[PDB]
Amino acid sequence: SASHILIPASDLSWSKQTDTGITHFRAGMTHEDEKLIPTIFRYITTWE
Amino acid sequence: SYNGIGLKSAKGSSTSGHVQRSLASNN
Amino acid sequence: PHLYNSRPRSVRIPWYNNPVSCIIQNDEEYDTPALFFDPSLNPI
Amino acid sequence: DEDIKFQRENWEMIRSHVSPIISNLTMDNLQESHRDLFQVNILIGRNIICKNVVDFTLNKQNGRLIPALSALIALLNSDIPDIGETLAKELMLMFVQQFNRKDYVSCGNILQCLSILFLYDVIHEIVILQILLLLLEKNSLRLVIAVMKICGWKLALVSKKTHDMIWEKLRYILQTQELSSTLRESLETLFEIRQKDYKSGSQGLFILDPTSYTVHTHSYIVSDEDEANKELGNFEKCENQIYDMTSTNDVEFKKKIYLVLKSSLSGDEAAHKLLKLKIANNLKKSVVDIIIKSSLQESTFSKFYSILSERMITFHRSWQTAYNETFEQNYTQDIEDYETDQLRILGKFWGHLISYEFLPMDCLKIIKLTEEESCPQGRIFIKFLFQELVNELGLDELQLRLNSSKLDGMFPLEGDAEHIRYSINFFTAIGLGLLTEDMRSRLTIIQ
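Protein chains in written order, with the deposited numbering: chain A, 1401 to 1448; chain B, 2 to 28; chain C, 388 to 431; chain D, 8 to 247, 279 to 485.
And the structure:
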């Protein structure tokens, strides 16, 4: 499962322009009890 | 308050549409 | 809605303001009189 | 006559114990003061204890200490009601003397004391409402309004209607009557408080439980003729578990953090989760150590942990202190364990923090290069530290920052040639050495 995370939601109208950064997080995926789950991109080293 | 962040509504997005301010980047 | 919001459609007029009720009543003692000067008020 | 000697020198010692006990009374000493006072013979000295407590209260050096003195009198009145009774007689008589004298200062003192004795149920609210009625039959309203500020909560609880009636009378004067301007404004302010509710007037030294005060609520009236036994203030001639070997508790939290860390794509949402937890200041030290220990498992450095620690710093200074303290802890204590590989992670990880100034830079001062004291593993650590710290600055900004960072122990100009040989030779061993010119000069200067 790579989909839990949290998804940057920032400013629909402005992000068309500046790249405001990440001002907010929409909930990625849900549950009854949260727990947590690791997600792949953490377990694979970046290209650099 | 819904300031223009979030989704037009959470229906087809499968998420809960739960948005929260980012404590990370402020100053 | 018409001012800050560019391009509204099918919007209605909010009713704006009311008098700011000052109503003051006593539910505490039954034997306080009906007309009494409540400590919340200013002393004049 | 050695009985007259003994009993006089015992009376004198009792007086000079009571006086400094009263003079050293404060909140947060009160219960030790009350122990000591109880070990003196309070009953033999009943008038001496009354006269010191009144005279301290009344000295007007105090007045601020009236709540403390009232709490001491409340303790003592639970133990021995006869003492609190005596003290309340003399205080009433002192109020009525100062009223009749027109001494407004000693009115204000003694009235404040009667107010706090009523707060501590030592004396009956009847005495306060009589004092206030007498006061309000003249103006005296500065007195009456201070008193009512300091009893008025307890009066509203016990005797709402009488107090209300007094307020109606007090109210009657302000709206429809002519008064001196200074007097009226204070008078109005009390009126303002009634709406406010005295919420700067109900805080203090309630150090007896409402059933541990044996509640001898003395029902004086401020128009009795009373006794005040001054004569008891003479001298006379009385012919009469499991130890914890396991961190498993901390292991739980450790897995909660590490699990927060392995989730959370990018880095900037992981700072969100960590700050979201609202960690007590005690633990915010170790959480860093968990971060870095995890960063050493990654088999290669990642910008992730850099941007994580950076977003975590700027939020609260406790994290400043956290990363500094952990820098000293790592470099000093903990380096000897890490293999030359993990040092490649640490070097860059602190490089990104220093070069962008979040660390800050002067905290590099801990490093000291000597053949005597150094770790070759630590030497490698420094190598990676500067070799990362260059690539962002570019050896240009480097010289400016360092030259302005007053690093001394690492860059000796003071002397000790061989050490300067070790420094210059070292940076030339890194492959840069262009920081060593200023020291190269000092080589020729030493020779």
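Beta carbons: idealized from backbone N, C-alpha and C, even for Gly.
query: Expected contact under 8 Å - CB spacing of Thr1439(A) and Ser1401(A) to nearest Å; result: 7 Å
query: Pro414(D) - DSSP class collapsed to helix/strand/coil; result: helix
query: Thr1446(A) at chain D interface by Cβ criterion, 9 Å; result: yes
query: Counterpart residues of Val325(D) in DSSP-defined beta bridges; result: Paired residues: none, contrary to the question.
query: Contact check, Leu215(D) vs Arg53(D), beta carbons under 9 Å; result: no
query: Close beta carbons around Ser443(D), own chain, < 8 Å, minus the five adjacent residues each side; result: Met399, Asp400 and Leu402
query: CB of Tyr220(D) within 9 Å of CB of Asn84(D), strictly; result: yes
query: Anticipated Cβ contact below 8 Å, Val298(D) with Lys316(D), distance rounded; result: About 13 Å separates the two Cβ atoms, so there is no contact after all.
query: Rounded Cβ spacing between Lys300(D) and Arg1426(A) (contact assumed at less than 8 Å); result: With a Cβ gap of about 21 Å, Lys300(D) and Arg1426(A) do not count as contacting.
query: Short Cβ contact (9 Å threshold) for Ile157(D) with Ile123(D); result: yes
query: Neighbour flag for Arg178(D) against chain C, beta carbons, 9 Å; result: yes
query: Reduced DSSP category for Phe1425(A) - H, G, I as helix; E, B as strand; rest coil; result: strand
query: C-alpha gap between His225(D) and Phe106(D), whole angstroms; result: 22 Å
query: Boundaries (first-last residue) of the beta strand (DSSP E) holding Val20(B); result: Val20 to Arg22
query: Distance between beta carbons of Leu427(D) and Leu436(D), contact taken as under 8 Å; result: 7 Å
query: Within chain D, the residues that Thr1439(A) reaches when beta carbons sit closer than 9 Å; result: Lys300, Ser301, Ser302 and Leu303
query: Residues sharing a beta bridge with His310(D), DSSP; result: Looking at the DSSP assignment, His310(D) forms no beta bridge with any residue, so it has no partner.
query: Within chain C, partners of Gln184(D) - CB distance below 9 Å; result: Per Cβ cutoff of 9 Å: no residues; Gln184(D) is ~12 Å from chain C at best.
query: Cutoff 6 Å; reference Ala455(D); Cβ partners in own chain excluding five residues on either side; result: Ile484
query: Cβ pair count under 8 Å reaching 3, the region 133-149 of chain D against the region 184-196 of chain D; result: yes
query: DSSP three-state assignment for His225(D), whether helix, strand or coil; result: strand
query: Alpha-carbon to alpha-carbon, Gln1417(A) and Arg394(C); result: 20 Å
query: Contact with chain D by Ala11(B), beta-carbon distance below 9 Å; result: no
query: Residue-chain proximity (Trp174(D), chain C), Cβ-Cβ < 9 Å; result: yes
query: Strand pairing of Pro1408(A), partner residues [DSSP]; result: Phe1425(A)
query: Status (buried if at least 16 other CB within 10 Å, exposed otherwise) for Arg201(D); result: buried
query: Classification of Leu390(C) by the beta-carbon crowding that lies within 10 angstroms, buried from 16 upward; result: exposed
query: Near-chain A residues of the region 326-356 of chain D (beta-carbon distance less than 9 Å), N- to C-terminal order; result: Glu336, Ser337, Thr338, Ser340, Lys341 and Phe342
query: Option in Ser337(D), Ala360(D), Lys341(D) and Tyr296(D) with minimal Cα separation from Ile329(D); result: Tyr296(D)
query: Partner residues on chain B for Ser1410(A), Cβ-Cβ distance less than 7 Å; result: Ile6
query: Spatially closest choice to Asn241(D) from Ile21(D), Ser304(D), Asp8(D) and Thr286(D), by CA coordinates; result: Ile21(D)
query: Collapsed DSSP secondary structure at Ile87(D) in the structure displayed; result: coil
query: DSSP-derived helix/strand/coil call for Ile130(D); result: strand
query: Assigned secondary structure, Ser15(B) (DSSP; H/G/I helix, E/B strand, else coil); result: coil
query: Neighbour flag for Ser2(B) against chain A, beta carbons, 9 Å; result: no
query: Minimum Cβ-Cβ distance from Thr1418(A) to chain B less than 9 Å; result: no
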